[PDB]
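J.: Structure file target-v1.cif (mmCIF, C-alpha atoms and all ligand atoms) is given on the next line.
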```cif
data_model
loop_
_atom_site.label_atom_id
_atom_site.label_comp_id
_atom_site.auth_asym_id
_atom_site.auth_seq_id
_atom_site.Cartn_x
_atom_site.Cartn_y
_atom_site.Cartn_z
CA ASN A 724 22.40 0.39 -22.12
CA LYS A 725 19.89 0.58 -24.98
CA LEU A 726 16.76 0.23 -22.82
CA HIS A 727 16.68 1.95 -19.43
CA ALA A 728 14.06 -0.36 -17.88
CA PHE A 729 12.39 -3.62 -18.86
CA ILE A 730 8.95 -4.47 -17.44
CA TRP A 731 8.46 -8.22 -17.14
CA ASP A 732 7.55 -11.16 -14.93
CA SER A 733 9.31 -11.40 -11.57
CA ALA A 734 10.66 -14.93 -12.07
CA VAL A 735 12.33 -14.28 -15.43
CA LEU A 736 13.98 -11.01 -14.39
CA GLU A 737 15.08 -12.42 -11.03
CA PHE A 738 16.67 -15.38 -12.82
CA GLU A 739 18.41 -13.03 -15.26
CA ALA A 740 19.69 -10.86 -12.40
CA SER A 741 21.02 -13.99 -10.68
CA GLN A 742 22.74 -15.08 -13.89
CA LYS A 743 23.91 -11.65 -15.09
CA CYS A 744 25.92 -9.45 -12.73
CA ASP A 745 25.19 -6.22 -14.63
CA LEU A 746 21.39 -6.73 -14.53
CA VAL A 747 19.40 -6.13 -11.33
CA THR A 748 15.74 -6.04 -10.33
CA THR A 749 14.12 -3.47 -8.05
CA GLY A 750 11.66 -5.55 -6.03
CA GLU A 751 8.25 -4.28 -4.81
CA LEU A 752 6.27 -6.78 -6.89
CA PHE A 753 3.00 -5.47 -8.30
CA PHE A 754 0.12 -7.24 -10.06
CA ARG A 755 0.70 -10.55 -8.31
CA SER A 756 -0.49 -13.51 -10.39
CA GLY A 757 0.50 -17.07 -11.23
CA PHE A 758 1.65 -19.01 -14.26
CA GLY A 759 -1.03 -21.47 -15.31
CA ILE A 760 -1.52 -24.33 -17.74
CA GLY A 761 -4.20 -22.81 -19.95
CA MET A 762 -6.40 -25.00 -22.13
CA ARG A 763 -9.76 -25.11 -23.89
CA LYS A 764 -12.89 -24.23 -21.94
CA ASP A 765 -14.52 -27.64 -22.52
CA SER A 766 -11.72 -30.14 -21.90
CA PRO A 767 -12.03 -33.13 -19.53
CA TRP A 768 -8.32 -32.96 -18.67
CA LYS A 769 -8.62 -29.71 -16.69
CA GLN A 770 -10.25 -31.15 -13.56
CA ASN A 771 -7.50 -33.75 -13.14
CA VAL A 772 -4.76 -31.29 -14.18
CA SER A 773 -5.70 -28.96 -11.34
CA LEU A 774 -5.58 -31.81 -8.82
CA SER A 775 -2.23 -33.03 -10.15
CA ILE A 776 -0.73 -29.53 -9.95
CA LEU A 777 -1.97 -29.12 -6.37
CA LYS A 778 -0.58 -32.54 -5.44
CA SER A 779 2.79 -31.62 -6.95
CA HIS A 780 2.74 -28.39 -4.94
CA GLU A 781 1.86 -30.35 -1.79
CA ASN A 782 5.10 -32.35 -1.72
CA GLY A 783 8.65 -31.22 -2.51
CA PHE A 784 8.57 -31.92 -6.26
CA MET A 785 8.00 -28.26 -7.14
CA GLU A 786 10.65 -27.23 -4.61
CA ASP A 787 13.02 -29.65 -6.35
CA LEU A 788 12.15 -28.08 -9.71
CA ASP A 789 12.80 -24.61 -8.28
CA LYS A 790 16.15 -25.79 -6.92
CA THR A 791 17.21 -27.40 -10.19
CA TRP A 792 16.07 -24.87 -12.79
CA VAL A 793 15.34 -21.49 -11.15
CA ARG A 794 17.04 -21.20 -7.75
CA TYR A 795 20.77 -20.99 -8.41
CA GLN A 796 22.93 -17.86 -8.25
CA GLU A 797 26.24 -17.18 -10.00
CA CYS A 798 26.79 -13.57 -8.90
CA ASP A 799 24.58 -11.62 -6.50
CA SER A 800 26.71 -9.02 -4.65
CA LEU A 808 36.43 0.17 -0.80
CA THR A 809 38.12 -1.41 -3.82
CA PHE A 810 41.52 -1.08 -5.47
CA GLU A 811 40.26 1.27 -8.18
CA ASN A 812 38.77 3.59 -5.55
CA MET A 813 42.17 4.36 -4.00
CA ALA A 814 43.86 4.23 -7.41
CA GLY A 815 44.15 8.02 -7.25
CA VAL A 816 46.52 8.15 -4.29
CA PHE A 817 48.64 5.40 -5.85
CA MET A 818 48.74 7.50 -9.02
CA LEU A 819 49.87 10.44 -6.88
CA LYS B 531 -4.42 -23.71 -10.50
CA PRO B 532 -1.21 -21.65 -10.83
CA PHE B 533 2.02 -23.63 -10.60
CA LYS B 534 4.25 -20.61 -9.87
CA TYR B 535 3.17 -17.44 -8.08
CA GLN B 536 4.96 -14.27 -9.17
CA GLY B 537 4.34 -10.66 -10.11
CA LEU B 538 5.51 -7.91 -12.46
CA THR B 539 8.73 -5.98 -11.86
CA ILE B 540 11.53 -3.96 -13.43
CA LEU B 541 14.95 -5.01 -14.73
CA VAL B 542 17.67 -2.36 -15.04
CA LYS B 543 21.43 -2.16 -15.43
CA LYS B 544 23.43 -2.62 -12.23
CA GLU B 545 25.65 0.41 -13.03
CA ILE B 546 28.61 -0.36 -10.74
CA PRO B 547 29.96 2.95 -9.35
CA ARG B 548 32.92 4.41 -11.23
CA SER B 549 36.03 5.57 -9.35
CA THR B 550 38.35 7.83 -11.34
CA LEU B 551 41.86 9.25 -11.07
CA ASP B 552 40.99 12.41 -9.10
CA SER B 553 38.81 10.67 -6.49
CA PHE B 554 40.78 12.58 -3.85
CA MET B 555 40.52 15.97 -5.59
CA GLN B 556 36.76 16.65 -5.70
CA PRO B 557 36.59 18.62 -2.39
CA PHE B 558 38.49 21.59 -3.89
CA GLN B 559 38.72 22.93 -7.43
CA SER B 560 41.81 23.46 -9.58
CA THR B 561 42.06 27.14 -8.62
CA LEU B 562 42.84 26.11 -5.04
CA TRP B 563 46.12 24.63 -6.30
CA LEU B 564 47.36 28.10 -7.24
CA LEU B 565 45.67 29.59 -4.17
CA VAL B 566 47.50 27.29 -1.75
CA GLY B 567 50.76 27.71 -3.66
CA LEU B 568 50.48 31.47 -3.25
CA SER B 569 49.45 31.22 0.41
CA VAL B 570 52.42 28.98 1.21
CA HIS B 571 55.19 30.60 -0.85
CA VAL B 572 54.31 34.19 0.10
CA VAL B 573 54.16 33.25 3.79
CA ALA B 574 57.48 31.39 3.61
CA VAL B 575 59.37 34.18 1.83
CA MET B 576 58.10 36.85 4.20
CA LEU B 577 58.99 34.70 7.22
CA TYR B 578 62.49 34.50 5.76
CA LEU B 579 62.38 38.29 5.40
CA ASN C 491 -14.84 -39.82 6.12
CA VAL C 492 -16.75 -36.90 7.66
CA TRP C 493 -15.87 -33.25 7.01
CA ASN C 494 -16.21 -30.47 9.59
CA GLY C 495 -15.72 -26.73 9.43
CA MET C 496 -16.41 -24.63 6.36
CA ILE C 497 -15.56 -27.61 4.16
CA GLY C 498 -17.99 -29.73 6.17
CA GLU C 499 -20.77 -27.16 5.81
CA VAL C 500 -20.14 -26.81 2.06
CA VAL C 501 -20.08 -30.59 1.52
CA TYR C 502 -23.48 -31.16 3.13
CA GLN C 503 -25.09 -28.29 1.15
CA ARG C 504 -25.46 -26.17 4.30
CA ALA C 505 -23.39 -23.35 2.75
CA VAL C 506 -22.96 -22.45 -0.91
CA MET C 507 -19.71 -20.53 -0.30
CA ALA C 508 -16.93 -20.62 2.29
CA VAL C 509 -15.12 -17.27 2.33
CA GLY C 510 -12.18 -16.96 4.70
CA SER C 511 -8.62 -18.07 5.39
CA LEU C 512 -9.06 -21.40 3.61
CA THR C 513 -5.90 -23.20 2.50
CA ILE C 514 -6.04 -25.11 -0.78
CA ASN C 515 -4.78 -28.70 -0.88
CA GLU C 516 -5.58 -31.92 -2.74
CA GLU C 517 -8.26 -33.39 -0.47
CA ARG C 518 -10.29 -30.18 -0.20
CA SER C 519 -9.98 -29.52 -3.94
CA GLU C 520 -11.22 -33.03 -4.71
CA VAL C 521 -14.11 -33.03 -2.22
CA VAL C 522 -15.38 -29.53 -3.09
CA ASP C 523 -14.75 -26.98 -5.85
CA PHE C 524 -12.39 -24.02 -5.41
CA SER C 525 -11.79 -20.80 -7.34
CA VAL C 526 -8.67 -18.95 -8.46
CA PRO C 527 -6.62 -17.89 -5.40
CA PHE C 528 -6.58 -14.16 -4.65
CA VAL C 529 -3.67 -14.03 -2.18
CA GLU C 530 -0.44 -16.00 -1.86
CA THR C 531 0.14 -18.17 1.21
CA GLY C 532 1.73 -21.45 2.23
CA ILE C 533 3.71 -23.21 4.92
CA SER C 534 6.11 -20.81 6.62
CA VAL C 535 8.40 -20.90 9.65
CA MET C 536 8.71 -17.90 11.97
CA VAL C 537 10.96 -17.33 14.99
CA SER C 538 11.86 -14.64 17.49
CA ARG C 539 14.46 -12.13 16.33
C1 LIG A 901 -9.29 -38.25 -13.39
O1 LIG A 901 -8.91 -39.22 -12.41
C2 LIG A 901 -9.97 -40.12 -12.05
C3 LIG A 901 -9.44 -41.00 -10.94
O2 LIG A 901 -8.73 -42.12 -11.47
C4 LIG A 901 -10.43 -40.90 -13.27
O3 LIG A 901 -11.54 -41.72 -12.91
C5 LIG A 901 -11.30 -43.07 -13.36
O4 LIG A 901 -11.46 -43.18 -14.78
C6 LIG A 901 -11.21 -44.50 -15.29
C7 LIG A 901 -11.32 -44.41 -16.80
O5 LIG A 901 -12.42 -43.60 -17.19
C8 LIG A 901 -12.19 -45.49 -14.67
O6 LIG A 901 -11.88 -46.80 -15.12
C9 LIG A 901 -12.11 -45.43 -13.15
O7 LIG A 901 -13.11 -46.26 -12.58
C10 LIG A 901 -12.30 -43.99 -12.66
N1 LIG A 901 -12.15 -43.92 -11.22
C11 LIG A 901 -12.85 -43.07 -10.46
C12 LIG A 901 -12.58 -43.13 -8.99
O8 LIG A 901 -13.67 -42.29 -10.94
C13 LIG A 901 -10.83 -39.95 -14.39
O9 LIG A 901 -11.13 -40.68 -15.57
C14 LIG A 901 -9.71 -38.96 -14.67
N2 LIG A 901 -10.12 -38.00 -15.69
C15 LIG A 901 -9.40 -37.75 -16.79
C16 LIG A 901 -9.96 -36.73 -17.73
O10 LIG A 901 -8.33 -38.32 -17.01
#
```
Spell out the structure here as structure tokens.
Ligand SMILES: *[C@@H]1O[C@H](CO)[C@@H](O[C@@H]2O[C@H](CO)[C@@H](O)[C@H](O)[C@H]2NC(C)=O)[C@H](O)[C@H]1NC(C)=O
T.:
Amino acid sequence: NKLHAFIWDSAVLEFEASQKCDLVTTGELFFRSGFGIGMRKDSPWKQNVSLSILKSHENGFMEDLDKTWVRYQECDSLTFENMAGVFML
Amino acid sequence: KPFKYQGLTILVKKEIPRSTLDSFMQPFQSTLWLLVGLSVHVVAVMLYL
Amino acid sequence: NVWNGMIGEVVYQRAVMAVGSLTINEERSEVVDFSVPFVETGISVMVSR
């Protein structure tokens, strides 16, 4: 409770909310973009890198990566403390 | 080409609701304790009268 | 080994650009040249409620 709101990428904050019970996102994604493998303007690797990334997206390799590293939830989410008053009475 | 499509969003504290000792006593204030005591005792004694 | 559609027209120099609901994959990206995507899409499954 030192910062009221943190503005950041959807993936990171969604992962943190999945891991941390006390942290939650709000949704309504804005400024949609994509993480990319940036490199120098004149580099022969780029043409093949794009094709390799698209090929990896084509099959289930990227889905497997999402399953292994990103897509796993620990905690997502009346109670005893709510009726604690009548028990106190 | 992007390898993960995502946007910008907001992270905040969950702030689980807090339930306290007087969760049954919000509807009426503390003055109503004395008010109901007076309205019950005075009625009872005058019925006995 | 013959392309038809917007990809076919672009391959044979009959159209400089192909603007529309074009899905990016490996074969199209290796036969012609694409740009940065402007909207997210992909394979999806939809059923009656
Ligand atoms: C991108 O991939 C292509 C496909 O393999 C590479 O082209 C080959 O390059 C090797 C070495 O230069 C040649 O021996 C082959 O004959 C080429 N094959 C074809 C079909 O062109 C290309 O070199 C790769 N580019 C980079 C930067 O790695």
J.: Just give me the gap between atom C9 of ligand LIG 901 (chain A) and atom CA of residue C:527 in Å, one decimal is fine.
T.: 29.1 Å
J.: Residues at most 12 Å from residue B:540, counting all atoms listed in the file, excluding those fewer than 5 positions away in the same chain, as a PyMOL selection string?
T.: chain A and resi 726-737+739-740+746-753
J.: Using only the atoms of ligand LIG 901 (chain A) listed in the file, plus 4 Å on each side, state the axis-aligned box centre and edge lengths in Å rounded to one decimal, as AutoDock Vina command-line options.
T.:
```
--center_x -11.0 --center_y -41.8 --center_z -13.4 --size_x 13.3 --size_y 18.1 --size_z 16.7
```
J.: Measuring between only C-alpha atoms, which one of C:511, C:522, C:496, C:502 shows the shortest distance to chain A?
T.: C:522
J.: For ligand LIG 901 (chain A), collect every residue having any atom at a distance of at most 9 Å from a ligand atom (counting all atoms listed in the file); output as an MDAnalysis selection string.
T.: chainID A and resid 766:772 774
J.: Please identify all residues of chain C having at least one atom at most 10 Å from any atom of chain B, considering all atoms listed in the file, and return them as number ranges by chain.
T.: C: 514, 524-527, 529-531
